[PDB]
file entry_7.pdb (PDB, C-alpha atoms and all ligand atoms)
ATOM      1  CA  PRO F   6      15.867 -35.195 148.389
ATOM      2  CA  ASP F   7      18.674 -35.482 145.822
ATOM      3  CA  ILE F   8      22.258 -36.867 145.273
ATOM      4  CA  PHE F   9      21.170 -40.474 146.019
ATOM      5  CA  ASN F  10      23.780 -42.896 147.521
ATOM      6  CA  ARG F  11      23.254 -45.523 144.812
ATOM      7  CA  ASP F  12      24.354 -46.840 141.383
ATOM      8  CA  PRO F  13      22.548 -44.825 138.595
ATOM      9  CA  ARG F  14      22.236 -48.232 136.801
ATOM     10  CA  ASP F  15      19.432 -49.124 139.311
ATOM     11  CA  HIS F  16      17.244 -46.539 137.468
ATOM     12  CA  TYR F  17      18.871 -46.263 133.981
ATOM     13  CA  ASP F  18      20.259 -48.434 131.172
ATOM     14  CA  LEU F  19      23.699 -47.098 129.994
ATOM     15  CA  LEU F  20      23.497 -47.239 126.171
ATOM     16  CA  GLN F  21      26.686 -45.577 124.839
ATOM     17  CA  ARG F  22      29.478 -43.116 125.605
ATOM     18  CA  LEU F  23      28.660 -39.742 123.977
ATOM     19  CA  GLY F  24      31.992 -38.036 124.786
ATOM     20  CA  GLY F  25      33.677 -36.062 127.542
ATOM     21  CA  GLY F  26      36.505 -33.850 128.713
ATOM     22  CA  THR F  27      37.689 -32.033 131.876
ATOM     23  CA  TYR F  28      33.994 -31.538 132.837
ATOM     24  CA  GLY F  29      33.288 -35.303 133.003
ATOM     25  CA  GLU F  30      32.261 -38.349 130.901
ATOM     26  CA  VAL F  31      28.829 -38.265 129.191
ATOM     27  CA  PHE F  32      26.610 -41.271 128.384
ATOM     28  CA  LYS F  33      23.348 -41.801 126.546
ATOM     29  CA  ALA F  34      20.875 -43.527 128.928
ATOM     30  CA  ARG F  35      17.244 -44.618 129.123
ATOM     31  CA  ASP F  36      14.832 -44.272 132.038
ATOM     32  CA  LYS F  37      13.909 -47.931 132.964
ATOM     33  CA  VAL F  38      10.261 -47.011 133.807
ATOM     34  CA  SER F  39       9.226 -44.281 131.295
ATOM     35  CA  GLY F  40      11.637 -45.140 128.427
ATOM     36  CA  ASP F  41      12.700 -41.435 128.046
ATOM     37  CA  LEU F  42      16.272 -40.745 126.884
ATOM     38  CA  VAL F  43      18.654 -38.844 129.220
ATOM     39  CA  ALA F  44      22.349 -37.891 129.226
ATOM     40  CA  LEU F  45      24.214 -39.137 132.320
ATOM     41  CA  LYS F  46      27.408 -37.236 133.206
ATOM     42  CA  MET F  47      30.030 -38.867 135.471
ATOM     43  CA  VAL F  48      32.382 -36.563 137.405
ATOM     44  CA  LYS F  49      35.114 -38.010 139.668
ATOM     45  CA  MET F  50      35.144 -36.658 143.222
ATOM     46  CA  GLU F  51      38.514 -35.407 144.586
ATOM     47  CA  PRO F  52      39.749 -35.918 148.238
ATOM     48  CA  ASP F  53      39.339 -32.162 148.966
ATOM     49  CA  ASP F  54      35.713 -32.170 147.740
ATOM     50  CA  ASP F  55      33.101 -32.091 150.521
ATOM     51  CA  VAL F  56      29.355 -32.855 150.273
ATOM     52  CA  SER F  57      28.438 -29.556 152.063
ATOM     53  CA  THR F  58      29.878 -27.610 149.048
ATOM     54  CA  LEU F  59      28.504 -30.227 146.604
ATOM     55  CA  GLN F  60      24.956 -29.798 148.065
ATOM     56  CA  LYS F  61      25.226 -25.978 147.420
ATOM     57  CA  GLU F  62      26.395 -26.575 143.805
ATOM     58  CA  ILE F  63      23.469 -28.978 143.079
ATOM     59  CA  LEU F  64      20.992 -26.529 144.702
ATOM     60  CA  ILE F  65      22.067 -23.869 142.115
ATOM     61  CA  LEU F  66      21.366 -26.437 139.273
ATOM     62  CA  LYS F  67      17.876 -27.229 140.720
ATOM     63  CA  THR F  68      16.743 -23.582 141.248
ATOM     64  CA  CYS F  69      18.329 -21.805 138.291
ATOM     65  CA  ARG F  70      16.311 -22.787 135.162
ATOM     66  CA  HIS F  71      16.228 -21.279 131.653
ATOM     67  CA  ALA F  72      14.992 -22.513 128.248
ATOM     68  CA  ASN F  73      18.516 -22.012 126.740
ATOM     69  CA  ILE F  74      20.340 -24.128 129.384
ATOM     70  CA  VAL F  75      20.166 -28.016 129.360
ATOM     71  CA  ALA F  76      17.788 -28.995 132.224
ATOM     72  CA  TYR F  77      19.047 -30.840 135.354
ATOM     73  CA  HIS F  78      16.911 -33.901 136.401
ATOM     74  CA  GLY F  79      18.711 -35.310 139.472
ATOM     75  CA  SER F  80      21.992 -36.794 140.702
ATOM     76  CA  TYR F  81      23.782 -39.747 142.309
ATOM     77  CA  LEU F  82      26.961 -40.162 144.410
ATOM     78  CA  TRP F  83      28.358 -43.680 143.978
ATOM     79  CA  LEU F  84      31.920 -45.027 144.529
ATOM     80  CA  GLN F  85      33.476 -41.466 144.533
ATOM     81  CA  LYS F  86      31.662 -40.470 141.318
ATOM     82  CA  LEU F  87      28.982 -37.790 141.028
ATOM     83  CA  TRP F  88      26.457 -38.750 138.348
ATOM     84  CA  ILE F  89      24.298 -35.920 136.912
ATOM     85  CA  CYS F  90      21.131 -36.825 135.026
ATOM     86  CA  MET F  91      20.233 -34.261 132.349
ATOM     87  CA  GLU F  92      18.100 -33.501 129.259
ATOM     88  CA  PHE F  93      19.252 -35.489 126.220
ATOM     89  CA  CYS F  94      20.181 -33.201 123.193
ATOM     90  CA  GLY F  95      20.034 -35.631 120.263
ATOM     91  CA  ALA F  96      22.070 -33.709 117.690
ATOM     92  CA  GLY F  97      25.078 -33.225 119.984
ATOM     93  CA  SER F  98      27.213 -30.080 120.069
ATOM     94  CA  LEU F  99      27.518 -27.467 117.265
ATOM     95  CA  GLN F 100      31.108 -28.769 116.758
ATOM     96  CA  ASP F 101      29.727 -32.333 116.196
ATOM     97  CA  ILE F 102      27.318 -30.842 113.638
ATOM     98  CA  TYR F 103      29.585 -28.487 111.664
ATOM     99  CA  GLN F 104      32.247 -31.225 111.331
ATOM    100  CA  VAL F 105      29.678 -33.122 109.182
ATOM    101  CA  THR F 106      27.764 -30.180 107.511
ATOM    102  CA  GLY F 107      30.506 -27.628 106.954
ATOM    103  CA  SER F 108      30.000 -23.946 107.743
ATOM    104  CA  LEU F 109      26.612 -22.726 109.041
ATOM    105  CA  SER F 110      24.690 -20.105 107.027
ATOM    106  CA  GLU F 111      24.832 -16.494 108.372
ATOM    107  CA  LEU F 112      21.082 -16.870 109.311
ATOM    108  CA  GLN F 113      21.767 -20.112 111.268
ATOM    109  CA  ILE F 114      24.622 -18.407 113.203
ATOM    110  CA  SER F 115      22.367 -15.390 113.908
ATOM    111  CA  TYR F 116      19.797 -17.781 115.482
ATOM    112  CA  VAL F 117      22.448 -19.659 117.576
ATOM    113  CA  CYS F 118      23.938 -16.263 118.776
ATOM    114  CA  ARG F 119      20.435 -14.946 119.742
ATOM    115  CA  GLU F 120      19.735 -18.172 121.778
ATOM    116  CA  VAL F 121      23.201 -18.200 123.465
ATOM    117  CA  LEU F 122      22.803 -14.432 124.293
ATOM    118  CA  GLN F 123      19.491 -15.258 126.011
ATOM    119  CA  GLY F 124      21.190 -18.019 128.087
ATOM    120  CA  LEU F 125      24.124 -15.689 128.899
ATOM    121  CA  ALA F 126      21.794 -12.787 129.937
ATOM    122  CA  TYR F 127      20.124 -15.228 132.351
ATOM    123  CA  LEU F 128      23.444 -16.517 133.880
ATOM    124  CA  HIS F 129      24.875 -12.965 134.243
ATOM    125  CA  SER F 130      21.625 -11.908 136.075
ATOM    126  CA  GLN F 131      22.255 -14.780 138.555
ATOM    127  CA  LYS F 132      25.860 -13.345 138.984
ATOM    128  CA  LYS F 133      27.389 -16.295 137.116
ATOM    129  CA  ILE F 134      30.161 -15.922 134.496
ATOM    130  CA  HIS F 135      30.101 -18.941 132.098
ATOM    131  CA  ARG F 136      33.802 -18.625 130.966
ATOM    132  CA  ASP F 137      33.561 -21.635 128.575
ATOM    133  CA  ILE F 138      31.525 -20.467 125.535
ATOM    134  CA  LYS F 139      32.502 -22.398 122.404
ATOM    135  CA  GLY F 140      30.811 -24.572 119.747
ATOM    136  CA  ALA F 141      31.596 -27.854 121.635
ATOM    137  CA  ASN F 142      29.653 -26.512 124.707
ATOM    138  CA  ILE F 143      26.460 -25.527 122.823
ATOM    139  CA  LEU F 144      24.056 -28.441 122.249
ATOM    140  CA  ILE F 145      21.170 -28.968 119.855
ATOM    141  CA  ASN F 146      18.184 -31.229 120.558
ATOM    142  CA  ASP F 147      15.971 -33.091 118.014
ATOM    143  CA  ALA F 148      13.525 -30.103 117.853
ATOM    144  CA  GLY F 149      16.444 -27.796 116.764
ATOM    145  CA  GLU F 150      16.511 -25.939 120.107
ATOM    146  CA  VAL F 151      19.742 -24.330 121.303
ATOM    147  CA  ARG F 152      21.028 -25.160 124.828
ATOM    148  CA  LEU F 153      24.187 -24.214 126.728
ATOM    149  CA  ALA F 154      25.537 -27.668 127.846
ATOM    150  CA  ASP F 155      26.042 -26.371 131.414
ATOM    151  CA  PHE F 156      26.244 -23.111 133.460
ATOM    152  CA  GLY F 157      29.964 -22.936 132.618
ATOM    153  CA  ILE F 158      32.911 -23.487 134.898
ATOM    154  CA  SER F 159      31.936 -24.595 138.434
ATOM    155  CA  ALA F 160      33.464 -22.376 141.101
ATOM    156  CA  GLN F 161      34.077 -25.031 143.831
ATOM    157  CA  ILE F 162      34.188 -28.634 142.395
ATOM    158  CA  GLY F 163      37.581 -30.445 142.462
ATOM    159  CA  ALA F 164      37.336 -31.984 138.917
ATOM    160  CA  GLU F 165      36.620 -28.555 137.486
ATOM    161  CA  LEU F 166      40.154 -27.318 138.441
ATOM    162  CA  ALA F 167      41.447 -28.973 135.226
ATOM    163  CA  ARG F 168      38.612 -27.167 133.360
ATOM    164  CA  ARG F 169      39.540 -23.807 135.012
ATOM    165  CA  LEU F 170      43.169 -24.372 133.811
ATOM    166  CA  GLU F 171      42.201 -25.758 130.360
ATOM    167  CA  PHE F 172      42.625 -22.297 128.697
ATOM    168  CA  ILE F 173      46.460 -22.882 128.849
ATOM    169  CA  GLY F 174      46.141 -25.596 126.132
ATOM    170  CA  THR F 175      43.077 -23.926 124.510
ATOM    171  CA  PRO F 176      42.984 -20.050 124.892
ATOM    172  CA  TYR F 177      41.392 -19.295 121.448
ATOM    173  CA  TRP F 178      37.883 -18.459 122.768
ATOM    174  CA  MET F 179      39.125 -16.512 125.855
ATOM    175  CA  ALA F 180      38.756 -12.706 126.193
ATOM    176  CA  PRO F 181      42.143 -10.807 126.247
ATOM    177  CA  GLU F 182      41.404  -9.176 129.665
ATOM    178  CA  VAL F 183      41.132 -12.767 131.076
ATOM    179  CA  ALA F 184      44.479 -13.879 129.516
ATOM    180  CA  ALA F 185      46.118 -10.558 130.686
ATOM    181  CA  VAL F 186      44.929 -10.892 134.318
ATOM    182  CA  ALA F 187      48.078 -12.909 135.480
ATOM    183  CA  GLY F 190      43.985  -7.247 137.940
ATOM    184  CA  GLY F 191      40.529  -8.315 136.756
ATOM    185  CA  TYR F 192      37.665  -8.966 134.301
ATOM    186  CA  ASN F 193      33.858  -9.535 134.470
ATOM    187  CA  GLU F 194      30.847 -11.217 132.688
ATOM    188  CA  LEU F 195      31.648  -9.325 129.423
ATOM    189  CA  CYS F 196      34.331 -11.992 128.781
ATOM    190  CA  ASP F 197      31.432 -14.295 127.661
ATOM    191  CA  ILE F 198      30.387 -11.714 124.967
ATOM    192  CA  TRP F 199      33.940 -11.926 123.412
ATOM    193  CA  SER F 200      33.730 -15.789 123.581
ATOM    194  CA  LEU F 201      30.370 -15.662 121.756
ATOM    195  CA  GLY F 202      32.027 -13.458 119.061
ATOM    196  CA  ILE F 203      34.805 -16.058 118.616
ATOM    197  CA  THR F 204      32.160 -18.872 118.535
ATOM    198  CA  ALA F 205      30.309 -17.022 115.752
ATOM    199  CA  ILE F 206      33.600 -17.048 113.688
ATOM    200  CA  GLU F 207      34.059 -20.737 114.607
ATOM    201  CA  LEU F 208      30.568 -21.642 113.190
ATOM    202  CA  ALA F 209      31.417 -19.618 110.021
ATOM    203  CA  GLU F 210      35.026 -20.948 109.516
ATOM    204  CA  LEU F 211      35.049 -24.335 111.362
ATOM    205  CA  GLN F 212      37.775 -23.166 113.785
ATOM    206  CA  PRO F 213      38.335 -20.110 116.013
ATOM    207  CA  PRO F 214      40.859 -17.424 114.848
ATOM    208  CA  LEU F 215      44.590 -18.424 115.261
ATOM    209  CA  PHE F 216      43.560 -22.077 116.095
ATOM    210  CA  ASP F 217      46.688 -23.369 114.252
ATOM    211  CA  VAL F 218      48.976 -21.153 116.396
ATOM    212  CA  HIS F 219      50.567 -22.907 119.412
ATOM    213  CA  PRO F 220      48.240 -22.201 122.450
ATOM    214  CA  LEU F 221      51.171 -20.850 124.542
ATOM    215  CA  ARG F 222      52.019 -18.354 121.802
ATOM    216  CA  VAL F 223      48.338 -17.235 121.573
ATOM    217  CA  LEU F 224      48.101 -16.801 125.368
ATOM    218  CA  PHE F 225      51.194 -14.518 125.314
ATOM    219  CA  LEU F 226      50.036 -12.517 122.191
ATOM    220  CA  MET F 227      46.742 -11.643 124.003
ATOM    221  CA  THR F 228      48.713 -10.241 127.040
ATOM    222  CA  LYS F 229      50.835  -7.910 124.829
ATOM    223  CA  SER F 230      49.737  -4.334 124.108
ATOM    224  CA  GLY F 231      48.618  -3.889 120.491
ATOM    225  CA  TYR F 232      46.693  -7.225 120.269
ATOM    226  CA  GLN F 233      44.219  -6.763 117.418
ATOM    227  CA  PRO F 234      40.807  -8.455 117.750
ATOM    228  CA  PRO F 235      40.173 -11.092 115.070
ATOM    229  CA  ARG F 236      37.934 -10.592 112.007
ATOM    230  CA  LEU F 237      36.035 -12.833 109.572
ATOM    231  CA  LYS F 238      38.586 -14.164 106.954
ATOM    232  CA  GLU F 239      36.404 -14.116 103.758
ATOM    233  CA  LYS F 240      35.043 -10.513 103.482
ATOM    234  CA  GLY F 241      32.759 -11.081 100.442
ATOM    235  CA  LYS F 242      30.969 -14.045 102.049
ATOM    236  CA  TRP F 243      29.308 -12.097 104.924
ATOM    237  CA  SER F 244      26.913  -9.114 105.295
ATOM    238  CA  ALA F 245      27.956  -5.757 106.827
ATOM    239  CA  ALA F 246      25.601  -6.651 109.798
ATOM    240  CA  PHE F 247      27.510  -9.920 110.543
ATOM    241  CA  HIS F 248      30.919  -8.150 110.238
ATOM    242  CA  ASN F 249      29.559  -5.403 112.567
ATOM    243  CA  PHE F 250      28.263  -8.032 115.082
ATOM    244  CA  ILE F 251      31.821  -9.554 115.172
ATOM    245  CA  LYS F 252      33.463  -6.075 115.506
ATOM    246  CA  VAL F 253      31.119  -5.187 118.433
ATOM    247  CA  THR F 254      31.356  -8.495 120.430
ATOM    248  CA  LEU F 255      35.130  -8.532 119.855
ATOM    249  CA  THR F 256      35.604  -5.026 121.323
ATOM    250  CA  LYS F 257      39.094  -5.196 122.935
ATOM    251  CA  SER F 258      38.235  -3.056 125.990
ATOM    252  CA  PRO F 259      35.531  -4.593 128.219
ATOM    253  CA  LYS F 260      34.635  -0.971 129.219
ATOM    254  CA  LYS F 261      33.263  -0.565 125.620
ATOM    255  CA  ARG F 262      31.914  -4.140 125.030
ATOM    256  CA  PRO F 263      28.074  -4.483 125.198
ATOM    257  CA  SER F 264      26.262  -6.707 127.712
ATOM    258  CA  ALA F 265      24.448  -9.949 126.617
ATOM    259  CA  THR F 266      21.080  -8.149 126.983
ATOM    260  CA  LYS F 267      22.279  -5.113 124.935
ATOM    261  CA  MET F 268      23.686  -7.444 122.199
ATOM    262  CA  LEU F 269      20.047  -8.658 121.662
ATOM    263  CA  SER F 270      19.216  -5.217 120.171
ATOM    264  CA  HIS F 271      21.790  -5.804 117.342
ATOM    265  CA  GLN F 272      20.297  -6.014 113.799
ATOM    266  CA  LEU F 273      21.945  -9.456 113.185
ATOM    267  CA  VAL F 274      20.030 -11.176 116.043
ATOM    268  CA  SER F 275      16.774  -9.186 115.424
ATOM    269  CA  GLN F 276      16.449  -9.684 111.636
ATOM    270  CA  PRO F 277      13.237 -11.482 110.396
ATOM    271  CA  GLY F 278      12.921 -15.282 110.167
ATOM    272  CA  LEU F 279      14.991 -16.428 113.188
ATOM    273  CA  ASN F 280      13.488 -19.728 114.554
ATOM    274  CA  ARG F 281      14.338 -23.442 115.310
ATOM    275  CA  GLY F 282      13.267 -24.235 111.700
ATOM    276  CA  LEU F 283      16.712 -22.894 110.616
ATOM    277  CA  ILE F 284      18.353 -25.618 112.747
ATOM    278  CA  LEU F 285      15.889 -28.346 111.711
ATOM    279  CA  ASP F 286      17.050 -27.488 108.125
ATOM    280  CA  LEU F 287      20.713 -27.802 109.323
ATOM    281  CA  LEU F 288      19.921 -31.296 110.805
ATOM    282  CA  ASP F 289      18.325 -32.272 107.438
ATOM    283  CA  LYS F 290      21.882 -32.089 105.889
ATOM    284  CA  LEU F 291      22.972 -34.688 108.544
ATOM    285  CA  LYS F 292      20.247 -37.158 107.358
TER     286      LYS F 292
HETATM  287  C1  LIG Q 301      29.899 -34.868 125.202
HETATM  288  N1  LIG Q 301      29.091 -33.831 125.807
HETATM  289  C2  LIG Q 301      27.758 -33.895 125.862
HETATM  290  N2  LIG Q 301      27.169 -34.646 124.920
HETATM  291  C3  LIG Q 301      25.827 -34.715 124.972
HETATM  292  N3  LIG Q 301      25.169 -35.483 124.010
HETATM  293  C4  LIG Q 301      25.746 -35.879 122.805
HETATM  294  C5  LIG Q 301      27.022 -35.768 122.311
HETATM  295  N4  LIG Q 301      27.027 -36.323 121.091
HETATM  296  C6  LIG Q 301      28.150 -36.447 120.172
HETATM  297  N5  LIG Q 301      25.814 -36.807 120.733
HETATM  298  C7  LIG Q 301      25.028 -36.546 121.761
HETATM  299  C8  LIG Q 301      23.591 -36.948 121.712
HETATM  300  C9  LIG Q 301      25.041 -34.046 125.955
HETATM  301  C10 LIG Q 301      23.532 -34.088 126.067
HETATM  302  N6  LIG Q 301      23.007 -33.404 127.086
HETATM  303  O1  LIG Q 301      22.834 -34.730 125.249
HETATM  304  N7  LIG Q 301      25.668 -33.303 126.884
HETATM  305  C11 LIG Q 301      27.014 -33.221 126.849
HETATM  306  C12 LIG Q 301      27.572 -32.360 127.934
HETATM  307  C13 LIG Q 301      27.136 -32.425 129.258
HETATM  308  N8  LIG Q 301      27.607 -31.664 130.254
HETATM  309  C14 LIG Q 301      28.564 -30.771 129.969
HETATM  310  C15 LIG Q 301      29.076 -30.608 128.696
HETATM  311  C16 LIG Q 301      28.580 -31.405 127.658
HETATM  312  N9  LIG Q 301      29.215 -31.095 126.463
HETATM  313  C17 LIG Q 301      30.057 -30.145 126.795
HETATM  314  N10 LIG Q 301      30.030 -29.804 128.108
HETATM  315  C18 LIG Q 301      30.835 -28.793 128.785
END

call {"tool": "encode", "arguments": {"input": "entry_7.pdb", "output": "structure tokens", "more": "lines below"}}
Ligand SMILES: CNc1nc(Nc2cn(C)nc2C)c(C(N)=O)nc1-c1cncc2c1ncn2C
result
Amino acid sequence: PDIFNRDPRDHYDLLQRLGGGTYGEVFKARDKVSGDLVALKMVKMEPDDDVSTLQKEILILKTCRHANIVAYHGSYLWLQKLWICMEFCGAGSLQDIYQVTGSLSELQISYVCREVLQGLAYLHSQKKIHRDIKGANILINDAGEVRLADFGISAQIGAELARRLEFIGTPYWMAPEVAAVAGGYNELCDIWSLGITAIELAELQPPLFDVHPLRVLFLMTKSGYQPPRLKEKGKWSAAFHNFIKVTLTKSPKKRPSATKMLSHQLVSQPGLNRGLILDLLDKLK
């Protein structure tokens, strides 16, 4: 039994608003019995949403589990709002972190990319394209563990239509074959997004972020679009530059899979562990 017809406040104390976007509004909350901290996400239900589809979406969240994806605990449906209870990730998103710390070290980025690649390899095996890989959608808990905030864009939830169309105002992390579809693309779009995210963690913004989103969207559709590169050449190793070159392969017919990317020297160098992130969180305190 799940998706209870009741106020989540009956079981949880709402402490503070953590943030939100097209995916919903997120709150810090505390289990009234055990005292454990959770994140409660509120998503408004649209008139064309149906609970038969909703039940199928929640079943995917319950069954599909991986160490690099934020765990689902349970859900509520109250006054046309779907409330999702999930694992609390105390440090917030990588964007919340780098806005305070500044750029991540190459080693710290290598660790984050290895963890995200593991989460992506899992989703792609379950035939799920994430389509929303970016620093704001990668969370860090108090143990320095890396978690994808969600499985990516929901295929059949009403509120997620705005998320599916969000690339119009924010196309910077999107693969060119996605922008230039207006025939097709596949799961390798998430590998390009990870490449852009790796530049974002290094430079505090994705490539061309200051260019109007509508101009970027059009530039990606044009023939001759050159994949971005790291700006400061002398700051990064040949292995990091090569990792960017490989993930940002323009043709998806030449771009490696999430599993293959795990064989890259950057993400298989020695000393990659959560201790690198605990050290990043030490700058915060
Ligand atoms: C605002 N989003 C989030 N915040 C969170 N916590 C947080 C944020 N801050 C600043 N500090 C804390 C402690 C947490 C969490 N699980 O702890 N989950 C999200 C979140 C949830 N679902 C989808 C998401 C999310 N994030 C992006 N997508 C696409």

call {"tool": "atom_distance", "arguments": {"input": "entry_7.pdb", "atom1": "CA of residue 181 in chain F", "atom2": "atom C6 of ligand LIG 301 (chain Q)"}}
result
29.8 Å

call {"tool": "residues_around", "arguments": {"input": "entry_7.pdb", "residues": "range 28-44 of chain F", "least_positions_apart": "6", "cutoff": "6 Å", "atoms": "all atoms listed in the file", "output": "PyMOL selection string"}}
result
chain F and resi 16-22+91-93

call {"tool": "residues_near_point", "arguments": {"input": "entry_7.pdb", "point": "(8.4, -23.1, 120.9)", "cutoff": "12 Å", "atoms": "all atoms listed in the file", "output": "PyMOL selection string"}}
result
chain F and resi 72-73+148-151+280-282

call {"tool": "resolve_selection", "arguments": {"input": "entry_7.pdb", "expression": "the PyMOL selection byres (((chain F and resi 136-147) around 8) and not hetatm)", "output": "PyMOL selection string"}}
result
chain F and resi 93-101+134-135+148-155+157-158+178-179+196-197+200-201+203-204+207-208+285

call {"tool": "residues_around", "arguments": {"input": "entry_7.pdb", "residues": "residue 84 in chain F", "least_positions_apart": "5", "cutoff": "9 Å", "atoms": "only C-alpha atoms", "output": "PyMOL selection string"}}
result
chain F and resi 10-12

call {"tool": "residues_near_point", "arguments": {"input": "entry_7.pdb", "point": "(17.4, -13.0, 120.5)", "cutoff": "12 Å", "atoms": "all atoms listed in the file", "output": "NGL selection string"}}
result
:F and (73 or 114-126 or 151 or 265-280)

call {"tool": "closest_residue", "arguments": {"input": "entry_7.pdb", "among": "F:128, F:245, F:221, F:173", "to": "residue 66 in chain F", "atoms": "only C-alpha atoms"}}
result
F:128

call {"tool": "closest_residue", "arguments": {"input": "entry_7.pdb", "among": "F:105, F:8, F:166, F:198", "to": "residue 64 in chain F", "atoms": "only C-alpha atoms"}}
result
F:8

call {"tool": "atom_distance", "arguments": {"input": "entry_7.pdb", "atom1": "atom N5 of ligand LIG 301 (chain Q)", "atom2": "CA of residue 23 in chain F"}}
result
5.2 Å

call {"tool": "resolve_selection", "arguments": {"input": "entry_7.pdb", "expression": "the PyMOL selection byres (((chain F and resi 215) around 12) and not hetatm)", "output": "list in words"}}
result
residues 175, 176, 177, 178, 203, 206, 207, 210, 211, 212, 213, 214, 216, 217, 218, 219, 220, 221, 222, 223, 224, 226, 227, 233, 234, 235, 236, 237 and 238 of chain F
